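Colleague: generate coordinates for the sequence data below:
(4 chains)
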Amino acid sequence: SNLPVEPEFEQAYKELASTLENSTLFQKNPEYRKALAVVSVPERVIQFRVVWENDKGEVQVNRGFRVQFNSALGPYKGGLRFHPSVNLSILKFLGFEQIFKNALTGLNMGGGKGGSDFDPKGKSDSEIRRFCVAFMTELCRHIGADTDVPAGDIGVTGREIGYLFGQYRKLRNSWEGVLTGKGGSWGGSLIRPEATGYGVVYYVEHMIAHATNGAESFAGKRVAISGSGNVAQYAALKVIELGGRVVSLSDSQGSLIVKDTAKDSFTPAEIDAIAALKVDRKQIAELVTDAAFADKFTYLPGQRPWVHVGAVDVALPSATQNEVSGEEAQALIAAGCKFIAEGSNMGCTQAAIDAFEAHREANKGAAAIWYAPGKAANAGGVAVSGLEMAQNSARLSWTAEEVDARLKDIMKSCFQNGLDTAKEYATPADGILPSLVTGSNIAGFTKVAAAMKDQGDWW
Amino acid sequence: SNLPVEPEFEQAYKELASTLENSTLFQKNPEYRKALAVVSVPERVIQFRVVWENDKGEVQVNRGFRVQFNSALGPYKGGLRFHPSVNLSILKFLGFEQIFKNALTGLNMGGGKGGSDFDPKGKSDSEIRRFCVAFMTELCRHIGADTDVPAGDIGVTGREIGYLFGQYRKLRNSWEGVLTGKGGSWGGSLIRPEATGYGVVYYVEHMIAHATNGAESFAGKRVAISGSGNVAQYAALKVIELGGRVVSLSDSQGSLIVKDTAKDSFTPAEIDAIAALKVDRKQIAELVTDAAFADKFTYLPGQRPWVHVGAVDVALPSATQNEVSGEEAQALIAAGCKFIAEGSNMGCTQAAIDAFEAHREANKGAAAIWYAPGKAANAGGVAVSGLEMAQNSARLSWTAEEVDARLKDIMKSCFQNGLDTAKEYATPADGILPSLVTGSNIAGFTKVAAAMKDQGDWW
Amino acid sequence: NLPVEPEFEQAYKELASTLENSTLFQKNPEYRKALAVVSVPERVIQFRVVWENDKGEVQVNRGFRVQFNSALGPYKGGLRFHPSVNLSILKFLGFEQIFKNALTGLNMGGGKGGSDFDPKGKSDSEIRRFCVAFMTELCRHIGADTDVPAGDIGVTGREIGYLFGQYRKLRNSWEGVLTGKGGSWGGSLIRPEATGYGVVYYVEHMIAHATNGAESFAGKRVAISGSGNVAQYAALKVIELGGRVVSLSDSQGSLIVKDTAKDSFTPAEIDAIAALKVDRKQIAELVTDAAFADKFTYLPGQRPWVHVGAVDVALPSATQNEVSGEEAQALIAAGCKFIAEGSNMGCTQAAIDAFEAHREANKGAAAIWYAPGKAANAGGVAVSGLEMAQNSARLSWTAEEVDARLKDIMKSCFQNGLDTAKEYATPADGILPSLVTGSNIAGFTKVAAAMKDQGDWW
Amino acid sequence: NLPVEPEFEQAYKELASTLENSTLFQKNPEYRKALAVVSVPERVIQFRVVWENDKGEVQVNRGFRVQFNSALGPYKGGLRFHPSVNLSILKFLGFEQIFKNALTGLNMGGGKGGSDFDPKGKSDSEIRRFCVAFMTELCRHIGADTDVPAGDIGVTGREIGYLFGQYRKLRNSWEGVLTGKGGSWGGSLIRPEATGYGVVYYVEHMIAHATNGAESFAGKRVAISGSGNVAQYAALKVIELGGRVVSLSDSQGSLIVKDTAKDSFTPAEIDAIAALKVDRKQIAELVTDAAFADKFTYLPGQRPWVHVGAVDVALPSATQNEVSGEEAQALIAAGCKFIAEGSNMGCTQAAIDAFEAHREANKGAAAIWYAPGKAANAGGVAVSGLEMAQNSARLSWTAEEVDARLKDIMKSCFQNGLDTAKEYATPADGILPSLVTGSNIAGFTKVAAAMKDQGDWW
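Modeller: Numbers count the residues shown, from 1 in each chain, chains lettered A, B, ... in the order given. Below you will find the coordinate block:
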């Protein structure tokens, strides 16, 4: 060809094509291979020079980017990354994946990603404000509430969303849902901190409902969680609300586990204390310096929770990538684990995923461990961005109760899109649970592709 | 300096600064003094020539104005005034106050004010239409549903909102929530006539709930109302709905009071009759020409209701400015009055306000009379403007029931913002009710100020 | 209910007075309605300007743009960054711009803007940051067909640069949105020389009418004040025409030729004053050299008028209100016969009233003839219109082409003011027509008439 | 983390090198900061282009627009439809356009765009469909004050037509949004002749400086390559000036006069090569007639340089990289003293380094003098600016008016490059100043300086 070398993007494309080729989609719909060629070239890319002033009064140059990849199902939606590795290949990879994740939710959102090679590390607040102002001066003309609604990602938190929103308001002279992850007083949504964690649990509550034909739920279930950030904390609290017991949490240095995994659970106050050590970036281990905690928990330095919990029913890896091995996957299966969902991204290794799915194909219905990818089950952050834009449109804020109930419905849509897509295009044997991984890898594309066809984007 | 002389604006600024300096806000947040310098200079002022034609075919010149003061929490929101005194000083004063009132509600609304030195007095309907058309020809380019949403005020009623909306539609070729107080068939909201009056009562129903830990409500309470316009009429009807008894109403010429303040109440039919005398601009006194009314009410010419009602529990001044003196405030306290809220603006004199708050600091909890300023408790008109814009956005009209329930929730937000701000920055002694006047004077600024900071408008 | 704007109210009052004291409202009585419409600005934008100083502190200033009148063209007029700036002062300066711009004969409306921002003590980076903040809001109200601002006190080529570059980044368009631009990004030749040449061009036409062609600048002694581009190019033009330049001055004092009867500044001397002024130095520096100190007297703390001896022409080219009523009577006693301004509002009202009373009392060439700034000072504003014209043609005209159109403009301006005065302010036979009243009427009727045609009034 | 863009990175590197090897950064050290800012595009738009071929199949191509720099004007530069097109190649071509456009002295920024769409084998209807699809997205980023694209390889009058008509339908505006337009819908006279005349105009100025006016084109033997509008109008100009044209060529071979010492192509011969080229025919066809075959030798598979014998001037007017380092040393050995390009990037870097080393080793008229394309090749881009100027005037100038402004432009371009070289790349006494280094510096400092004034860097 003459095409640029884009290894991250070429790999994302190959992965999706590889999933679609392996299913029955092109056997039944051979013409959808054309959809694949079309969708894989972004509708629009803006690259732009960002000049800004540092604390020493010195001119600085960075590169700014917005990949507006697809808008068949709604306006471009997707995060901004401020990281010195950022380039078009990486944003094309992330933006391409964001199309199909947003689509998988059921919400009217396209896909996109942007950001900068700007490095937030070592920068003052004012440097971050000056760059945000310089960045949004160009970006403003390509985005807006009905066109493209960016959000946070690596190096873009509430602080940068703040500065970017202010500059947009000042340029466009308009108050609108142009960004998500806004502050609560200026168009933010309630249930945003809780979105991903709560969403993980609503997703698996849909899995438990389906697998067990309604006979079981989270009430009395033993849940092994890993990690202790946003996702782990709010997933724990939702499990407790639904009458489940969380027997573990972990940070990078070890696992905190209830000594009695038959009886006991983290309480909401124990989660608050964990939350208050994380803010002050201390180790979970530190809690067993007090007398109350030491009596109720074992701390296991350097250890993941999976082999140490005993009999468990649900596993919510919510710490990091590749945090459940093939081995500790067998250990969960052996322990009678029936539900595992990724709070984290790519949380399960290929070996762990293979073990779960091998088990799903050799065990009928409720006797299978059912695995759900993060793409599907950590989509709660995405769902609540949709609800922030919905609230912004009418400029009327919902109650926590209204936002929570809609997030649960949206997670039921993520679950049902995955289920239905598996049943059509990766049809399981009689009595076998459809593959929530294959379902979820395919569901996005088929909706985007049929929509592009209806809209004349391919024929 | 070189600044223009703006006595009304300099006074509004001094009053807010004086409230913030007297609290603990700058002791805990000294950097918010910068927010004060920034917020006090409007983001944008448009002044513009208005040329229009009178009934004699003669050219007329007036001045048109829009102060777009603040938009950190939403699009500019605030009334239009057509009055021969109008100038930039007065609109800056009103627009500045509107920022913090809208903010106090919890709704995503900035603040603004505009209008004209045009004098509606003696003008024909067609003159008012010609001026409205000439006025909106310039104003249209600076406003719109997501930018700036004006409304009514002195000299701008449904009639002028009508003409202004028509001209905007004709200029912009768009149907949108660009104005509030619209006609019911063209984007108006239900519960608009009832907004302020109903809102007054929902606010105090929140005060009664808090003060009495839920043990009391409006059911069986004796309520002294003054005035007989919109506010008094709908406040009365809401009190009756909630099982309360309204023992009084008044116009400029005297007070109509139930002869038996232990037993009796105005009924909804007696309010209809009062409403039908007001439309035909007659005096409440005139009702005691009939036999039924004379038997049930005493008319007291030239008298306010406050000393003449006996034992009363709630007082809703809803007539005019400075309509409850220091003296008639002691008389309400002595009568066991525990709740007073301003339906009217500045309804209580400084002396009355001081008496209420002196009583609040010397009496624990439910034994205090609790006073709420109009800024807080008459915000129902503002709340229903928010709900009109919400309905306009989707172009789907709510039921009276849906609008009423949301107004009650919004009034609970006005109440809670005032409470929480008092508890933080004017912390009462143990067992003392937080100051709803101080709370409500501060709550607006702290939300606008922290939002400006998040958005980079000051640092 | 109106706010008190002294400066504006004064300028409206003296314009009213010039029109009342004429045949205008006798012949066209309906034109009284136009004065009341013209006097209220079509549009005013006031805005918050938040910017960051070199210590990283948040600073807050007020931005303004007065869009006074657009009957004859897009709004046009300078920006002023000065701590005295307010709406009152900009309305006053903007009201004037309407009639100045009108008198060039080009399609330019009138306006004025700026900020109470104080350039004094500010670094180049603080100015760049303020200019970025300022244009961020201003950009949505202005444009090459809407409103084309320019420089003034505290807004030089430097600020015009930073304002242009921010307008270009935000609007993503390269257009004649601002005048006074650099030679390589839409600037005009003759732009440095425009006001100074223009006042001389105008005065040339005065001397020809007053003497029926019998005198010129040739052999005239010319007192000039100031030492900037305006005083420099006014002097170089006087010299080219055979006149003698007897004075220049800066803020700290005057530099006068010892022999004001026969002697003169040279182009070489002018070049060295300009050399000093790029280096921010005083003209006093020069009588420290022996050659200059023999030719010239330095007068600390003085303007030149009282100190030049007998003189024929005065061109105030320094600052506003630099010719008092007393200094005007001194110029009359020194035998001065022609006075027009290189500086914006150089002459006080007391000075203008002295000149006009002298003109009414002295037949023909015996009178001192004053021309108002809206006519004689319009050389820069004229070349600002030719800069717009060059930007819209996408070409840069030669210095000779710009200069040719400038000469033509200043002649049509002189002629309009004289002919208007002869029709509506008909002087006593042998009295020089009022170029004060002629120009005021000429500029007011051209605006008022176009407003009528366009339905701004009836 | 940056992507590898060889072409771009090479062009940045050789520009850096020319600036380092000079007094520029000694005199103006702060200008180093500008090189790093100028080198990153202000804006790049990449977009999907979906279109339908003659079998009704969906096709997908990549569209680009690089908006490199707009300090000096709206973005300006051609579109290329060629299957090799990518962001790297367009950045390279766009970076060059900044400095080419700057050197015309008109207000034009720089840019470049196009598509990997392959016109080869495509019908007129497929091209129309692709042009409609392409402009459908491109239109929102471009405009007569924002970005004015033009033709290049694979984008001829035909594509400019279809692009213009789609822009007009979508934007509902008739404006100078594109250059290279047809004579009846905003096109310019001299647009066919612009690049060929322009290279000759520039070379005229070279021969005059190198010989201090003692030689001209008169009696010069001129080897030309190519047979398009550029080679045709370059030849007709050389002939008008008394020069002799010894070669033309197309892709399949050269056509050389047998007697390169004394003989020449005629205007009549040029007319017939142009007759053939409208009919898509080879220049080889011509020595099948007896008259031509006696006058001329055809050389299959050859460019002319090695084959012309002794020659005085070389004008490569065919394609990029058509003068290797070897062919450059052959031109030096044949006694060639002046070389400039009619074709975009005709000379290889190896050729340019040979010419510049020869210039540094040979005093005065003994040196071969090479002029870089950004200076000598800017005739088309110049007339593109005059096409914008005509569109904004709403007039069509005569051929003589367009030609007059073109001569003036190419003279100011030559003079800027010579004077810049004499200031910052001062040659050894009797050495010809580097028009390579002079032009590079001249074009970089005009852009860098306007960027500074406008606050793009400090």
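Colleague: so what's the residue of the stretch 101-250 of chain A at minimum distance from chain B up against?
Modeller: Per CB to the nearest CB, residue A:166 is where the stretch 101-250 of chain A lies closest to chain B, at 3.0 Å. Backbone N, C-alpha and C define where each C-beta goes, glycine included. Neighbour list for residue A:166: B:452, B:454, B:455, B:456, B:457 [criterion: CB atoms under 8 Å, 6 or more residues apart in numbering or on different chains].
Colleague: any of those residues buried? List them.
Modeller: In the contacts of residue A:166, burial by neighbour count holds for B:452, B:454, B:455, B:456, B:457, counting by 16 or more other CB atoms under 10 Å in any protein chain shown.
Colleague: so the residue of the stretch 101-250 of chain A closest to chain B is in which element?
Modeller: helix A:158-172 (DSSP states H and E).
Colleague: flag every buried residue along that helix.
Modeller: A:159-172.
Colleague: next secondary structure element downstream of that helix?
Modeller: helix A:195-211.
Colleague: what comes up buried for that next one?
Modeller: Applying 16+ other CB under 10 Å to helix A:195-211 flags A:195-208, A:210-211 as buried.
Colleague: how about these, which pair is most distant?
Modeller: Across these, the longest distance by CB to CB is 24.5 Å; it joins A:195 and A:211.
Colleague: what segments of chain A are strands?
Modeller: A:44-53, A:59-70, A:76-82, A:111-116, A:148-151, A:222-226, A:245-250, A:254-258, A:297-301, A:314-317, A:339-341, A:370-372 (DSSP state E).
Colleague: among those strands, which comes closest to chain D?
Modeller: With CB to the nearest CB, the closest approach to chain D among these belongs to strand A:44-53: 3.9 Å.
Colleague: and that closest one, what does it pack against?
Modeller: Under the contact criterion of 3 or more CB pairs under 8 Å, 6 or more residues apart in numbering or on different chains; DSSP states H and E, strand A:44-53 touches strand A:59-70, helix A:88-105, helix A:125-139, strand D:43-52.
Colleague: circling back: now, which of the contacts of residue A:166 sits nearest chain A?
Modeller: Set against chain A, the nearest of these by CB to the nearest CB is residue B:455 (3.0 Å).
Colleague: flag every buried residue along stretch A:363-378.
Modeller: So, applying 16+ other CB under 10 Å, buried residues of stretch A:363-378: A:363, A:368, A:369, A:370, A:371, A:372, A:373, A:374, A:375, A:376, A:377, A:378.
Colleague: meant to ask about stretch A:340-349, not that
Modeller: A:340, A:341, A:342, A:343, A:344, A:346, A:347, A:348, A:349.
Colleague: for it, measure first residue to last.
Modeller: Counting by CA to CA, to the nearest Å, you get 13 Å between the two ends of stretch A:340-349.
Colleague: repeat that for stretch A:307-327.
Modeller: End-to-end distance for stretch A:307-327, by CA to CA: 9 Å.
Colleague: can you give me the buried ones in that stretch?
Modeller: A:307-309, A:312-319, A:323-325.
Colleague: any chance of the residues you listed in CSV, with distance to chain D too?
Modeller: Listed next are these as CSV, based on distance: CB to the nearest CB, whole Å:
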residue, distance to chain D
A:307, 39
A:308, 40
A:309, 41
A:312, 42
A:313, 44
A:314, 40
A:315, 36
A:316, 34
A:317, 30
A:318, 30
A:319, 27
A:323, 27
A:324, 31
A:325, 31
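Colleague: residues near residue A:44, how many?
Modeller: 21 (other CB atoms under 10 Å in any protein chain shown).
Colleague: for chain D, see how far away the nearest residue to residue A:219 once chain neighbours are set aside is.
Modeller: Nearest residue to residue A:219, sequence neighbours excluded (CB to CB, 6 or more residues apart in numbering or on different chains): residue A:243, at 3.5 Å. Noted for residue A:243: a distance of 49 Å to chain D, by CB to the nearest CB, to the nearest Å.
Colleague: thought residue A:220 was touching residue A:243, still the case?
Modeller: Yes: counting by CB atoms under 8 Å, residue A:243 does reach residue A:220; the two are 6.6 Å apart.
Colleague: in the stretch 101-250 of chain A, which residue sits nearest chain C?
Modeller: residue A:126 (5.6 Å).
Colleague: give the contact list for that residue.
Modeller: Neighbours of residue A:126 in contact, by CB under 8 Å, 6+ apart: A:55, B:459, C:52, C:56.
Colleague: can you tell me which two in the residues you listed are farthest apart?
Modeller: Farthest apart among these - using CB to CB - are A:55 and B:459, which lie 12.9 Å from each other.
Colleague: more crowded one of these two?
Modeller: residue B:459 (17 against 11).
Colleague: quick one: residues contacting the more buried one.
Modeller: Neighbours of residue B:459 in contact, by CB under 8 Å, 6+ apart: A:125, A:126, A:129, B:34, B:453, C:52, C:58.
Colleague: go through these and name the one nearest chain D.
Modeller: residue C:52 (14.2 Å).
Colleague: what bridges to the closest one?
Modeller: Beta bridges link residue C:52 to residue C:58, judged by DSSP bridges.
Colleague: what about residue A:280, how many neighbours?
Modeller: Residue A:280 has 8 neighbouring residues, counting by other CB under 10 Å.
Colleague: with residue A:394 instead?
Modeller: Around residue A:394 sit 20 other residues, with neighbours defined as other CB under 10 Å.
Colleague: surely it meets residue B:393?
Modeller: Yes: counting by CB under 8 Å, residue A:394 does reach residue B:393; the two are 4.6 Å apart.
Colleague: tell me which residue is most central in chain A.
Modeller: The residue lying closest to the centre of chain A (CA atoms, centre = their mean) is residue A:378, at 3.9 Å.
Colleague: that one against residue A:232, yeah?
Modeller: No: Residue A:378 is beyond contact range of residue A:232, at 11.7 Å (criterion: CB under 8 Å).
Colleague: what residues are shared contacts of these two?
Modeller: Contact criterion CB under 8 Å, 6+ apart; residues shared by residue A:378 and residue A:232: residue A:343.
Colleague: in chain A, which residue sits furthest out from the middle?
Modeller: residue A:57 (38.8 Å).
Colleague: CA atoms of stretch A:158-175 as CSV?
Modeller: What follows is stretch A:158-175, C-alpha atoms only, in CSV (Å, rounded to 0.1, in the frame of the first residue of the first chain):
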residue,chain,number,x,y,z
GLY,A,158,-12.1,16.0,36.7
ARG,A,159,-9.4,18.7,36.9
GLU,A,160,-8.7,18.8,33.1
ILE,A,161,-12.5,18.3,32.2
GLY,A,162,-13.0,21.4,34.3
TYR,A,163,-10.5,23.6,32.4
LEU,A,164,-11.5,22.2,29.0
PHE,A,165,-15.3,22.9,29.8
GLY,A,166,-14.6,26.5,31.0
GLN,A,167,-12.6,27.3,27.8
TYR,A,168,-15.3,25.7,25.5
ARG,A,169,-18.0,27.7,27.3
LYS,A,170,-15.9,30.9,26.8
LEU,A,171,-15.2,30.1,23.1
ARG,A,172,-18.7,28.9,22.0
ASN,A,173,-20.7,31.0,24.5
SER,A,174,-23.0,28.0,25.3
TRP,A,175,-23.7,25.7,28.2
